Number of protein chains: 2
Amino acid sequence: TXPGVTXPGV
Amino acid sequence: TXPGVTXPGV
DNA sequence: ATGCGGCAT
DNA sequence: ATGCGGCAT
């Protein structure tokens, strides 16, 4: 996720 | 995690 | 050697 | 398969 908690996605 | 058990994240 | 999300890309 | 920190505990 995020950053933080990438994307989704990337 | 923290530094610390970066941030969440970075 | 820890310690976060659990999925749209 | 792909995508973030590179630590201060």
Side-chain angles (χ1 to χ4, degrees):
Chain A
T1 68
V5 306
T6 67
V10 61
Chain B
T1 61
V5 306
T6 63
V10 186

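Order of the sequence lines sets the chain letters (A, B, ...), proteins ahead of strands, with each chain counted from 1.
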Task: Gap in Å between the two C1' atoms, one belonging to C:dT9 and one to C:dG5, rounded - done: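 Those two atoms are separated by 15 Å.
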Open item on the list: Please report the distance separating the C1' of D:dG3 from the corresponding atom of C:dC4, rounded so that it comes out in whole Å.
Closed with: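 Their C1' atoms lie roughly 13 Å apart.
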- [ ] When you get a sec, tell me which of D:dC4, D:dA8, C:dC7 is the closest nucleotide to the side chain of A:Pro8?
- [x]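 Given the options D:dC4, D:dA8, C:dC7, the side chain of A:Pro8 is closest to C:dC7.
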Open item on the list: Using a 3.5 Å limit for the pairing distances, which stems of at least 3 consecutive Watson-Crick or G-U wobble pairs does DNA chain D take part in?
Closed with: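 Nothing qualifies as a stem here.
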